[PDB]
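As structure tokens, the structure follows; a few thoughts come after it.
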Amino acid sequence: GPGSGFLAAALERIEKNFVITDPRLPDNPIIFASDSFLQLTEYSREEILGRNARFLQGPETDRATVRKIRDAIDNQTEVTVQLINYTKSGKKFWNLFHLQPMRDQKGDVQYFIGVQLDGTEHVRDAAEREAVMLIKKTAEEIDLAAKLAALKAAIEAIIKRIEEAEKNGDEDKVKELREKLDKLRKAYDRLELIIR
Ligand SMILES: Cc1cc2nc3c(=O)[nH]c(=O)nc-3n(C[C@H](O)[C@H](O)[C@H](O)COP(=O)(O)O)c2cc1C
Ligand SMILES: [Mg+2]
Numbered sequence: 066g067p068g069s070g071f072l073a074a075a076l077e078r079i080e081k082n083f084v085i086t087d088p089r090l091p092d093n094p095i096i097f098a099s100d101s102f103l104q105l106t107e108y109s110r111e112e113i114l115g116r117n118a119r120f121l122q123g124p125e126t127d128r129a130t131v132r133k134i135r136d137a138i139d140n141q142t143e144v145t146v147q148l149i150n151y152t153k154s155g156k157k158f159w160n161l162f163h164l165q166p167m168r169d170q171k172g173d174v175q176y177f178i179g180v181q182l183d184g185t186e187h188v189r190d191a192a193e194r195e196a197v198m199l200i201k202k203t204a205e206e207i208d209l210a211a212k213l214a215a216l217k218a219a220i221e222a223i224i225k226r227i228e229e230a231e232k233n234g235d236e237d238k239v240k241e242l243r244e245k246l247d248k249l250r251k252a253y254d255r256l257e258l259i260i261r
């Protein structure tokens, strides 16, 4: 899956509410969801994976706030908003939501990270600004962990290609691919140390 590197393994036990979406697939589906997200929303992983996150919206959701998310995704920018969402039971909650693109080493947007902080009320003022700093710091910790997981998945994918080329006696291909593997390994090791 698009989530096999996680991300799932790298991501889902982080005790934060988040999803990862893949904007390079139809309708930017959720490809990973944290265990905590499923408990918040009360949906199962199988109900959520492969669907767009908009299912959380309902009758009182501010459509102009939703458009600010829409525009940030289209523009590939971060955004922080607060909007009304509903659990599977129809329980209303306020979702203080932070989106940010996750880039690969070339700077291209590979995934979106979305971090939720649920509450009973629309927060403002110092309470809001603090909650925003929590979810931004959480998003940064997910971004680095997910980037490391994506380098590990790239290393596994190139080792498969190297073995295929070795089986086929494709030695110019082996040479090319082993140089790429050496750069991926260096990148992986560098980022591993930073977050160690
Ligand atoms: C990473 C990510 C997570 C999202 N999480 C939520 C969420 O928690 N609640 C929500 O109402 N929308 C969420 N969305 C927003 C919707 O998926 C969608 O982008 C929004 O409704 C605007 O597009 P639409 O007008 O086509 O629905 C998320 C989007 C992304 C990319
Ligand atoms: Mg979308």
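Taken in order, the sequence shown gives residues 66 to 261; the numbers are from our numbering.
Beta carbons: idealized from backbone N, C-alpha and C, even for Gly.
For residue 138, the distance from the CB to the nearest heavy atom of ligand 2 is below 6 Å.
Burial of residue 167 is indicated by the presence of at least 16 other C-beta atoms within 10 angstroms of its C-beta. Taking residue 208 as the centre and dropping the five residues before and after it, the same chain places the C-beta of 165, 167, 178 closer than 8 Å to its C-beta, in chain order. Residue 85: member of the beta strand (DSSP E) spanning 83-86, first to last residue.
The DSSP assignment places complete alpha helix (DSSP H) segments of no fewer than 4 residues inside the stretch 84-121 at 100-106, 110-113, in order along the chain. Per DSSP, reduced to three states, the secondary structure at residue 194 is helical. Residue environment analysis places residue 248 among the exposed positions, since fewer than 16 neighbouring C-beta atoms fall within 10 angstroms of its C-beta. With fewer than 16 other CB atoms across the displayed protein chains lying within 10 angstroms of its CB, residue 91 is exposed. Residue nearest to residue 117 within the set 254, 182, 243, 87 is 87 (criterion: CA-CA distance). Using a cutoff of 6 Å, the CB of residue 141 does not count as near ligand 1, since none of the ligand's heavy atoms is closer than that. When secondary structure is reduced to three states using DSSP, residue 220 falls in the helix class.
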